[PDB]
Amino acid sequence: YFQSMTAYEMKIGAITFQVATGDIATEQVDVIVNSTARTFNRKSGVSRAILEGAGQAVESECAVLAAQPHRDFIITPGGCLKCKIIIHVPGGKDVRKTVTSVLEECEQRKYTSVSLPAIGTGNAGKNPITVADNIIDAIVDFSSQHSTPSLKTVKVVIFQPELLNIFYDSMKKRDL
């Protein structure tokens, strides 16, 4: 027997923003985000959960894309994950900028749902208050620039339950 918060949701313009405890590998959405090394050669923390669930093909696709010229992120299909593409981002880079780019990729490909982890709050060592604020900053910016987007649902999947209430505190500063 146990008692604890598991999810918070808010509406920001046309966008539903969700923060919930989970394993992002179980997600059934258009786009899943992987937070990884600059070189895309990591299989530990959230990258382990994603690369193992996605399968070997995705993993080999990553090694190809990594050794040829690329944006800050690379994109692969989902493999055995119940998603269409995976966007692999470096967890050490500016999170607001990373999430703004993720959201813009989603929109331009006409995807409707994206789930991401708490980027940078594991091995990257970034301060989790700042990371929640940055992710929220990026969603508010995107929403304020798009009054009728295809991307309607953004979720942060939280693995460390301790971060759930950090994310709530940052959400609540926006609430009316």
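Don't overthink the numbering: it's just position in the shown sequence, from 1.
- If you average the Cα B factors in the entry, which is higher, 55-63 or 128-136? Higher mean C-alpha B-factor in the PDB entry: 55-63.
- Item | 69-77 versus 94-102 - greater average Cα B-factor per the deposited record | In the deposited entry, the stretch with the higher C-alpha B-factor mean is 69-77.
- For the listed residues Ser35, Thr121, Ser147, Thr26, which one has the largest C-alpha B-factor as given in the deposited model? The listed residue with the largest C-alpha B-factor is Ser147.
- Message: Can you tell me whether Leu176 has a C-alpha B-factor in the lowest, middle or highest third compared with the other modelled residues of the same chain?
- Response: CA B-factor rank for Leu176: highest third.
- Item | Third assignment of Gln3 from its chain's C-alpha B-factors | According to the entry, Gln3 has a C-alpha B-factor in the chain's highest third.
- Task: Could you look up the Cα B-factor of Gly13 in the entry and say which third of the chain it sits in: lowest, middle or highest?
- Result: According to the entry, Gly13 has a C-alpha B-factor in the chain's middle third.
- Message: Ranking every modelled residue in this chain by its Cα temperature factor as given in the entry, which third contains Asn41?
- Response: Top third by C-alpha B-factor.
- Item | Ranked against its chain, the third holding the CA B-factor of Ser113 | Middle third.
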